[PDB]
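To start, the structure itself, in structure tokens.
Protein chains in written order, with this note's numbering: chain B, 1 to 57; chain W, 58 to 113.
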């Protein structure tokens with residue numbers, strides 16, 4: 001029991017840490033997707049503004 | 058017949074290129090406000106562990 005309880009506190013702690021890693025990694029998948037979309041949007045806008053600048057050119 | 062219109066052209070070009078010049082002066086002496094910034098990010102690269110504070 002102590003071995004299963006301890007194996008568990010460790011599987012569970014490793015899990016909280018892996019889940020945290022996933023949470024933080026996911027927080028970053030999301031922060032990266034926000035930056036990617038902000039930058040892709042600025043890029044598409046740079047390209048819209050470029051197409052416009054080129055049209056205005 | 059060649060000097061008077063020359064002088065008039067000098068005056069007109071002077072006034073126009075000179076308003077252009079006084080404004081281009083402001084443009085050139087200060088080109089810092091038309092710049093930008095790096096805008097770095099910390100991003101909290103530590104998705105392997107948590108924090109000490111009670112809220113965390």
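Quick reminder that beta carbons are idealized off the backbone N, C-alpha and C, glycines included.
The three-state secondary structure of residue 62(W), taken from DSSP, is helix. Residues of chain B whose Cβ lies closer than 7 Å to the Cβ of residue 112(W) do not exist, since the nearest Cβ in that chain is about 15 Å away. Residue 31(B) has a beta carbon lying within less than 8 Å of a beta carbon in chain W. For residue 3(B), there are no CB contacts under 8 Å within the same chain when 5 residues up- and downstream are skipped.
The three-state secondary structure of residue 36(B), taken from DSSP, is helix. Straight-line spacing of the CA atoms in residue 62(W) and residue 69(W) works out to 10 Å.
When Cβ-Cβ separations below 8 Å define contact, residue 92(W) makes no contact with chain B.
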